[PDB]
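Listed below are the residues making up each chain.
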Amino acid sequence: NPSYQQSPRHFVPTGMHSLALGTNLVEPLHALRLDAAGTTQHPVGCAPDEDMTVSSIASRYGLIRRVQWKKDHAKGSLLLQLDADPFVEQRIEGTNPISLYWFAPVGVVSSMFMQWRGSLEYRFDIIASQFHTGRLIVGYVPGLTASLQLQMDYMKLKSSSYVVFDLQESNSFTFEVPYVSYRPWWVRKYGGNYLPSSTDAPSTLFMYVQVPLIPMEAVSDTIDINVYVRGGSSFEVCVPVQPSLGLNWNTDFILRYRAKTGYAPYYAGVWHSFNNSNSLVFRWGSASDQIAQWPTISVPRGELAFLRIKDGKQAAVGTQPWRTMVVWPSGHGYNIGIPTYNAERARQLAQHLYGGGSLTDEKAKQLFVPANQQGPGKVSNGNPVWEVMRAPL
Amino acid sequence: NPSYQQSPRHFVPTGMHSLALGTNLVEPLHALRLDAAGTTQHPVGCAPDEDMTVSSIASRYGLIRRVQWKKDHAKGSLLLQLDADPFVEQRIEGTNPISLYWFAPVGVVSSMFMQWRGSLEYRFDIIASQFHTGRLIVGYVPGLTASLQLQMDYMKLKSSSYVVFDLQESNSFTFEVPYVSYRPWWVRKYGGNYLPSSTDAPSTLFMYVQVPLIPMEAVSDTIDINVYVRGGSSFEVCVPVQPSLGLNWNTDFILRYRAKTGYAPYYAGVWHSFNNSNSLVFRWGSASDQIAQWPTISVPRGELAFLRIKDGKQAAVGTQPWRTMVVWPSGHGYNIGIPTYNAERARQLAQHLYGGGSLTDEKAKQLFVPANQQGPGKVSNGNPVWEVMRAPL
Amino acid sequence: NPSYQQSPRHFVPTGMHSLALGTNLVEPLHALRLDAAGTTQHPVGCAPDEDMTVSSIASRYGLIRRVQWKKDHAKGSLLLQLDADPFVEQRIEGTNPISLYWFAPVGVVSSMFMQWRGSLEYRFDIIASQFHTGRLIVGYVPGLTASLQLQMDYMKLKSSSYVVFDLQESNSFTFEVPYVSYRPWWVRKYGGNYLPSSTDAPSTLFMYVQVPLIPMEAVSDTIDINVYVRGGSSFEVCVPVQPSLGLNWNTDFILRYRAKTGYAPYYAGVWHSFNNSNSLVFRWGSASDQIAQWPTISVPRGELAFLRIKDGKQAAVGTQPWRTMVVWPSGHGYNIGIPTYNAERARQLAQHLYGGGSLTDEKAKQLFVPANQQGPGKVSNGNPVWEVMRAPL
Amino acid sequence: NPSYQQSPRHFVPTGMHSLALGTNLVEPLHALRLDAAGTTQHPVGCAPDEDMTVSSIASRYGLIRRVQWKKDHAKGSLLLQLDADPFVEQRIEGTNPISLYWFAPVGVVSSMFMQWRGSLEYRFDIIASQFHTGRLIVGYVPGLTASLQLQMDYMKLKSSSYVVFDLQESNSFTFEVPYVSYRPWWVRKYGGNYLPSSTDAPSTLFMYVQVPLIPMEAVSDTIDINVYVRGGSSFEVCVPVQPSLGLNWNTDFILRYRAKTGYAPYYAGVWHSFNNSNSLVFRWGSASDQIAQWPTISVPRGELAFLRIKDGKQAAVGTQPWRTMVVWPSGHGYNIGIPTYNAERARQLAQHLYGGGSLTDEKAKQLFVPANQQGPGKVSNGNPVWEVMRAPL
Amino acid sequence: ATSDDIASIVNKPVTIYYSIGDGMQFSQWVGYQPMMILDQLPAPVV
Amino acid sequence: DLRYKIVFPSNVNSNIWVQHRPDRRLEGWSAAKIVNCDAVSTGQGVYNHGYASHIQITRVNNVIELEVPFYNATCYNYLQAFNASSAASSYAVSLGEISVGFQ
């Protein structure tokens, strides 16, 4: 047993590893396995077939648009205008207060990333017979603002890049979209509910009618056109951010009087600092000074306020549901909630206090609920809403 | 002495090693030995002979069943039906409230593991002379539900896999059970007292009588058949979970009024916050505010309650055993236990308090036990049960 | 300056090294030297000659017994019986309440270890001339219990292993003791004051007189025989435990009313929680609530108790030595010690309190010592013993 | 990203490196430089010439003694006796209460070390012409005690080692001192102000007059002799301890009533626990219970005491300098300092309290200084001394 | 510590342990003194 | 051998010692359990000298991880619910006897 007498190491401690890095490190863990060298396997028919790859997701066509192209559409009538980005929407006509949207897979996989660049591919499938004859431009104008979305025809379109397609016997084509910008990447269309981060398209795609439809008298006069989107061979995305899209699994949103957050559920119990434990006050726990805290109601001179719970079934319960209360400073730096037997008592206690009285006055004490009404001391159902009852004083 | 000026390391601390991993790591310890390189030895005749190996445990036959096969058993009478799993039971006819069971060693070693698969081997030893003549099917039906455990004969058995055995001169055979399932492994039969984890067998084994017994007039008319189970050459188990079986060394189970857990043993002492240290109250320690805490008795309007210990020998002791008490809020966020001299005093104190009184009332104070009765301040025997004494008020 | 971005290490901390291991590790320390590579030396004549080695200690003879062998000792009279172990004792006839013992060095070095095995060597040096003639057996019986220590002669000895020695001209021999047991090692004779760990010898050594002494008329009729013990060439000990022997450097043992341990020395000072700092109470420090705590005296109904210090010179000192006091609950979860001017006052205060009174009564307050008697506030001499003064009440 | 699942390291933490080791380790630091590989340089003329080396310091002669050797010195008169150690002193005749001393550099460099050994070299430079003729012994006696420092002549000197020097034309020589002891090293002469660590010399050097001086009538009759000391070629020191010598840069020593240490500076402010914040008491801070604490004055029955600051300019200041006060127990485990307007009030307050009164008495309260006299609440100048004013009571 | 923090240190235990180190040599054999047997010590009877 | 990992409470700070005494024979399956030391009569309650001990600093970490070695003088030990017949059979049930104490 020799003695090690050299100088030791001299570190810096931190409490957590790389919460963001994920590629070229070896993250140590407490693996809840039995073998330390054991990993997961895939034998032999339950092997992966689809690699998790953004260039494999964006290379898949998604139907985004249907367009009716009719016989009475004149020479140069607009069929569609849309944005040269993966963020192309198809709104569902639902009755929900928040509307759902269909996206291409390139748009879903580009919602997670901040910046995109590359070519897009719009597949136009024109459902027609071999007896329909027509001709249309799929054009592409480099960067347009919102005021230049109008003042658009088929003639200003032919100044920029455009493709004229004839429909005789082949009823499908694919327009590959150029990527023209002042910037190598392009910041995405929507933010993570940060409305001062909105950005429109790099450029705008149009589809006018160069030659109108001539159908024969034995076929229909209307033709459906499907528009499919996938990110082309040069499409790529880089920087991961919060995705601007959400699932529809829980399609429930909550728009922003009750206890301050955390101070619920509460029950009516006693406290040595409120009338020497002789009267009920709302508590959020059984331990030292676990007293529920309540917001200050805005009350002008000449008025009072007290509280009446909106749904009595949600109230704390003693010998009765505690459906009415007065909120008042405790003297300890926060407001306490003082239940009463009924609204009449609450109104009389609020009258006393907003009238200039004190919680230590005999008139106030006689309006409290006595400690022997605590009963089971059941807690409220969560943090329920109370109506603020206002009156002139 | 040069100065080391480079940048040091940057870890993450954790307080404990792998509590679950056990194979391919080197666990550092404070070994309570003298030599750091010293391990345990086995010289030379106290060497291990049996390796701790699940394939060596499950390869051992365990007697699970005895079946009487008689002369008057008709053609096709059922001898046994059982489950094609290691979890085959033999109940002991004991008088305990919880019943013990015999298992095969394959079933005991499979109780510790979640999932099993492979063939089972049922050894049938038919104790007969060479003058008994019979013939029986040991059949095997793939997956049956509980409603298909009935509607079973020897004729529906012969649609599935079955083996017909003749008994002339060889009085023993071994049926190897196929493993037919939709799942590579199979989740075990019982859970760790989680009744929504019950799962029946993958399949069902039967044993009917194909040809009835013809005994000679000099031999018996009844024949014993032993059924032995061991997991076959392809049997294996994988995932370790909580074992669904327990030992019979301590065959004692406890089915779920006393002090809140931890607040016992207690003694009757004094407290500056209960009548200024002048009266006895139950304490679980001698230090700052170590006051015993007690559950709230459910008491409706129009009643009272007090407590009377079921066994006085278990009571805390001062100048007397403290066999009676009243429980009441302390004013500090929990209920205290206040001993009385007898049940009459306890009833009078409960009358006062449930009647609307306070612990600070002179009428209440005069019903407490004075501090000079603390005596030795002996603690209760554990946390004993009190009877809740109820009366109309 | 590149940035190190790989994942760091993931330890477990402990506060102390191996407190028991000592052989094959390198224990790091803060060496209070100047050179980190510097060790201790032995040049060149102050070199070690004796290696610290248990086989070198146990190979040294220690005189354990003297035996008078006389002329009138009959054929077969017992000279010595003793135990075949290193734990052979020679009691000193001292006047101490605990008796000292002489041991062989093998017994001292075997007291530190739990288990021993091997041969012992008893050297018998028979101090005689070349004109004394005698013959004796040094025998050896394998395992005997306490009830078989009697019923022993020289004839039952010759059934087991024995050696007959003739005394004509060579007056010394060495009997090597066999090691016969059911156990490879052997647990030592005494425990570390744990009396349910006592174990007797593996076997028993005897020495009878085969042929009685024939001395000539010119020599003496009595002969001294020395018995020396050392552990033989096969003796060895293994497991280190607490040694069952102690030194005689401090031959002082302490057999088990005063302050609770730690709450002394104390002085009489004041406390805001005892009569609002107006009266003296024993304190073990000057800081917040450093009040001395005192055991509860067992006092039956119909009696009182107070305390009178056994040696006044050891008392705390104010304007006088505080030789008398009453101990009473403080109201804060422990008993305090309240000095009085004399025994008469102490008896009157105990009468008041055990009579049903309170420390806040005017009658009690007038029996306390006032704060202005604190004087120098000198502490007690350690934690001195008080006599419990009892009286009928 | 693989997962590291092996077992991690298992250290012991300590808070500081080697505070004493300095040679063969690499001490890590937070160097306040910019380059981590950067050290200090010496280009090229500001290079070190003197190595810090104890054998280079002790090899330098330091003048320690001057001796007058006269014509009328008889045959054998003592010129000097001194100690054969590096600790040879030359006292400066200063007027300081602590005296300064001249040392040789060998003595200064040996004061830092505990143990020394080796030869010393005394250079005797006898300032004479080539017409002075004399002869003297520089002798050396091995170990002498203090009682053998006397009974010394030139004849007992010649029993030990001695050197006789003739003075004709060479006026300088060097006596190399032998090192004769029972111990390889030798513990130094003085300790670090630990007077039970004093040790005298290993041996004693003498210088007598073998042949008296014969000067010619044209030269002087007195001759100066310088004695220089340096540690010889075999001198060495080993163990570093606290050095027994101090610098004369700050030649100021402090010989051991005021506030307890740390409780100053203080100001007169208020405290809720002293007359409900209505009166002044000395505080050492503005926070919770930062009250100055004061020693207990020893006061016998029949006397009082109060305090009067020695220098009023050092007093705490409110509406006036607080030059007088009474010190009394606070009731919280320490004494507080209570300022008064003047000595008369202080004497009247001390009379009240040492007379049996209390700080809560109206008579005491009326002698305190009211809170409205706090004024600026200026602190004392450090912890100034107060005179203890005593009077009969 | 100063005078205020030293009040929490009073009556607290400090234990000191020691090993023998290395290069530690005992160099003269002396026999053992009279020992005392530990389970022969009296028990604290009540 | 065996491996023991003892987890102590959190808000305690005190330094904890753990000794292993392989001297205590096991007398019956009764009192083969965790025993709260309530009084000290023999050398059982006291921290003894010569045993294999380790002290865990609760301020650093309130868990101790130790390895109990095999120190019986036997070929094996019994591995059932032990029934005490003799005195020598009591030495061969457990490895030793672990005592944990606070300072």
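- Per the PDB record, this model was obtained through cryo-EM at a reported resolution of 3.100 Å.

**Overview of the sheet that holds strand β6 (residues 115-117) of chain C**
Residues and elements named next belong to chain C.
Then, number 1: Strands sit in the order β11-β6-β14 across an open sheet of three strands; the sheet is antiparallel. A strand with exactly one partner marks an edge of an open sheet, and here the two such strands are β11 (186-187) and β14 (236-237).
Then, number 2: Strand direction decides the pairing type here: β6 and β14, joined by two bridges, are antiparallel. Bridging across to β14, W116 finds its partner in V237.

**Remarks on the nonpolar core**
Then, number 1: The biggest cluster of nonpolar side chains holds 39 residues, and the ones touching the most others in it are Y122, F124, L205 and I225 of chain C.
Then, number 2: Setting aside residues up to four positions removed in sequence, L205 of chain C forms contacts with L80, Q81, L82, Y122, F124, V138, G139, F175 and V177 of chain C.

**A closer look at a positive patch on the surface**
Then, number 1: Taken together, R9 of chain A, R9 of chain B, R9 of chain C together with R9 of chain D make up a surface patch of like positive charges.
Then, number 2: Along the chain, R9 of chain C turns up in the segment before β1 (27-28).

**Considerations on the interface of chain C and chain E**
Reports of interface size often rely on the accessible area that becomes lost once the parts have come together.
Then, number 1: Between chain C and chain E, the residue contacts involve 39 residues of the former and 23 residues of the latter.
Then, number 2: For the pairing of chain C and chain E, the buried interface totals around 3,000 Å² over both sides, and the portion due to carbon and sulfur atoms is 65%.
Then, number 3: For chain C, the biggest contributors to the area lost against chain E are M52, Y101 and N193 of chain C; these three give 15% of the whole.
Then, number 4: In this assembly, chain C and chain E are joined by zero salt bridges.

**Describing the sheet that holds strand β11 (residues 172-177) of chain D**
Strand pairing in a sheet is mediated by backbone hydrogen bonds. Such pairs are either parallel or antiparallel.
Residues and elements named next belong to chain D.
Then, number 1: Judged by pairing direction, the sheet is antiparallel, and its four strands sit side by side in the order β3-β14-β8-β11 without closing on themselves. Each edge of the open sheet is held by one strand with a lone partner, namely β3 (62-70) and β11. In this sheet, adjacent strand axes meet at a mean angle of 20° when their direction is disregarded.
Then, number 2: As judged from the eight bridges shared by strand β8 (residues 120-127) and strand β14 (residues 222-231), these two strands associate in the antiparallel manner. Across the sheet, the residue bridging to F124 is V227, located in β14.

Conventions we followed
- Residues numbered from 1 in each chain as written, not as in the entry; some residues may be left out.
- Chains lettered and ligands numbered in written order.
- Part of a larger assembly, values for the part shown.
- Heavy atoms only, no water.
- Residues with missing side-chain atoms left out of burial classes, pairs and counts.
- Pairing = 2+ DSSP bridges.
- Helix = DSSP H or I, 4+ residues; strand = E, 2+ residues; numbered from the N terminus.
- Core = buried A, V, L, I, M, F, W, Y, C linked by side-chain atoms within 4.5 Å.
- Buried < 20%, exposed > 50% of the residue type's maximum accessible area, 1.4 Å probe, protein only.
- Contact = heavy atoms within 4.5 Å.
- Patch = residues over 30% accessible without salt bridge, like charges linked within 9 Å, V, L, I, M, F, W, Y side chains within 5 Å.
- Areas by Shrake-Rupley, 256 points an atom, 1.4 Å probe, with all protein chains shown as cover.
- Salt bridge = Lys/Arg side-chain N within 4 Å of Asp/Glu carboxyl O.
- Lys, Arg positive; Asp, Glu negative; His and termini not counted.
- Charge placed at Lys NZ, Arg CZ, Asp CG, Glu CD.
- Buried area = accessible area lost by both parts, 1.4 Å probe.
- Axes fitted to C-alpha atoms, helices over the stretch in contact; angles between N-to-C directions.

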